[PDB]
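Presented as structure tokens, the chain that follows is alone, the form deposited without the partner chain.
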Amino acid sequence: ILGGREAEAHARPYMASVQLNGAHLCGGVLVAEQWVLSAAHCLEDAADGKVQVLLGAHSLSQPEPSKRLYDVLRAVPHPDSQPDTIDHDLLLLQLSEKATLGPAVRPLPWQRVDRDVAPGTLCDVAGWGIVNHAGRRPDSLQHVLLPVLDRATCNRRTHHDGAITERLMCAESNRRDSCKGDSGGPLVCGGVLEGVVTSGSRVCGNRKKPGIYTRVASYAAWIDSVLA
């Protein structure tokens, strides 16, 4: 998260760190007792690494009573996701067991009704991704409020050039932005999960290249079907 602030410890009890070989790789969101939603691009290149999900965390390194590391039983990428596109970039991770629910570990309800978030609406984005242009990685969870950008402006030639489908939304990226290591984490509007961070492009914090988020409501039938 560029241009954000440290979050309040455990105020986002849905927040998950998706880990490869003991290190934070991607954000994720606890959406049911046994399932975490993240981005499909995260698991390309996992190949024989230890894939785990850290729940109940604030600091990645320091000990905390609520922190617990879970193994993944099953990972289900959306079947139309591909490494060279930004489309359908969702991943569902089934934990080895039901997560232990508590003040610091709780699922976040997600939008099932396919309606665009209105432009200008401020949405909360959180993660352990990099926090500046010198590559600094934070120890503790960061967050930022970003205004939703309307799809037609997002789709102009100077911005993302028709790439933003009805299944994607954008937010302003002017010095405040999701960045490397925030992928798969939550965009929350009205207290509900509306988006999952994705990227087509390496650039962060450039007004001309808005952040892109996969609209979970757009995949509501697929999500339900995998959760059953």
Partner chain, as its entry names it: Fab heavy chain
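Residue numbers count along the first chain shown, from 1. Rigid core: the largest C-alpha set superposing within 1.5 Å between the two forms. Shifts are known only where both forms have a C-alpha.
Although it is not shown, the form solved in complex with the partner chain is what the next lines describe.
Student: Considering the partner chain in the entry with it bound, find the one stretch among 80-88, 67-75, 145-153, 124-132 with heavy atoms no farther than 4.5 Å from it.
Tutor: Every other range fails; the passing one is 145-153.
Student: I'd like to check something about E97: if you look in the entry with it bound, is any of its heavy atoms closer than or equal to 4.5 Å to a heavy atom of the partner chain?
Tutor: Although the partner chain is absent here, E97 would stay clear of it in the entry with it bound, with no heavy atoms inside 4.5 Å.
Student: Give a yes/no on whether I164 approaches the partner chain to within 4.5 Å in the entry with it bound, heavy atoms considered.
Tutor: Yes, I164 is a contact residue.
Student: Would you classify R157 as touching the partner chain in the entry with it bound, given a 4.5 Å non-hydrogen atom cut-off?
Tutor: Yes, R157 lies within 4.5 Å of the partner chain in the entry with it bound.
Student: Can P119 be called a contact residue for the partner chain in the entry with it bound at 4.5 Å between heavy atoms?
Tutor: Yes, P119 lies within 4.5 Å of the partner chain in the entry with it bound.
Student: Using the rigid core as the fixed frame, list which single one of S66, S59, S201, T165 shifts its Cα by at least 2 angstroms between the shown form and the other one.
Tutor: Only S201 moves by 2 Å or more at its C-alpha.
Student: Explain in one word, closer or farther, how the Cα atoms of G200 and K180 are placed in the entry with it bound relative to this form, where the distance changes by 3 Å or more.
Tutor: Relative to this form, closer in the entry with it bound.
Student: Considering only residues present in both forms, which runs of at least 3 consecutive residues have all C-alphas displaced by 2 Å or more between the shown form and the other one after core superposition?
Tutor: Core-superposed, the single displaced stretch is 199-202.
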